[PDB]
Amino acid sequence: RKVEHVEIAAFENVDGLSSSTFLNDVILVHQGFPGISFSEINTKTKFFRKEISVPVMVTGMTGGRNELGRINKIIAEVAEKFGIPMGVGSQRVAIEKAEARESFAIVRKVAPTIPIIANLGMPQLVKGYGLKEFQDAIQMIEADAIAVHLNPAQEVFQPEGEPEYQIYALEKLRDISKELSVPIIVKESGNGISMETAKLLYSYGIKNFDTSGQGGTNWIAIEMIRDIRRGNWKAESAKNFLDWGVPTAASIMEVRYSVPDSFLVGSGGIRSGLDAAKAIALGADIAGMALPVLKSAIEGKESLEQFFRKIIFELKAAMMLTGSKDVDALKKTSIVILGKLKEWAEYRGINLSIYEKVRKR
């Protein structure tokens, strides 16, 4: 299943299927006189208590079997080489089975210095996970943070089970955050974070968000494919929901606007360093990527190293061409917002002038 998800994501057509990030509606303003030289560009930024080399992270994907651990090992060793944070996939299977632990632990063996982010699902909190399970997920990889994932859309359309997101999960999460020695990030899984969800999470003490908006890996498409494969009836219902979700660009605006002091990962269809530059200029603190890192990792270590070189060059290209000497300058560089993203923001009450102010701090 963990294998089926990786196989469908890697080898089927589910990246941006019938969906959109709205990042085509964001334009970074070109500066013919940048005021800087390329070699002075500094891409360093903070990630909680650590310093990272590039404002980019690999968000959680996998682990739980030996083949999955070996993808994890490739990603972690390259992320370590580049000074990039790495999230692991859901650790539930390793909480339940001790054999599954090594496919996660290998990450910290091979990547001793970079931030490592643990992973459990929100529904677990209503299915009897609490402090201990969180502490075990964290300890298992000596995590610097834990991501708690929201995936209700995926769960609605998958052949098995049904989503459970009672508010008790948040009361529980809020208690756990009291006893935990590392921060919690709340992340979506391809369908995005709205302002109602961001505000609700914030009222429970959540300050760190990962948008994971639509336009990237389409998890409803992935479950549609799983349903097709088993002749399950839900397949054609999933098809009607292929464009369901908040587009990544809209989600970045919604979280930055509604929680101005959040620490924000902009992810969900980040595929180039230009996407990453746009996500940051729009209001993210860092850009997150999952699928393209998986596909590269599967090809090999050297393929993944080339991938990160390309992303970093493209990010720096966008910084050079906007006169942004550092990540901070990029966060306040000039942009244009047009088209559907503009209409979305307007309808949603995002005053574009107070937005400009909020994103530039």
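Under this definition, the rigid core comprises the largest set of C-alpha atoms superposing within 1.5 Å between the forms. Position 1 is the first residue in the sequence shown; the rest follow in order.
Between 152 to 160 and 207 to 215, greater CA displacement relative to the shown form is found for 152 to 160 when the structures in 8 other deposited structures of this protein are fitted on the core.
For the two regions 4 to 12 and 351 to 359, the entry's Cα B-factors average higher over 351 to 359. Per-stretch averaging of Cα B factors for 145 to 153 and 103 to 111 places 103 to 111 on top. Within the listed group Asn119, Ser177, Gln214, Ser251, the record reports its top CA B-factor for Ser177. Note on the listed residues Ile222, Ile280, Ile95, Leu291: the highest Cα temperature factor in the record is that of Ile95.
Ranked by Cα temperature factor within the chain, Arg271 sits in the lowest third according to the deposited record.
Among the modelled residues of its chain, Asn240 has a C-alpha B-factor that falls in the middle third according to the deposited record. Placement of the Cα temperature factor of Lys234 within the chain: highest third of the modelled residues, per the deposited record.
Per-chain ranking of the deposited C-alpha B factor places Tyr202 in the middle third. Ranked against the other modelled residues of its chain, the C-alpha B-factor of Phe209 as given in the entry falls in the lowest third.
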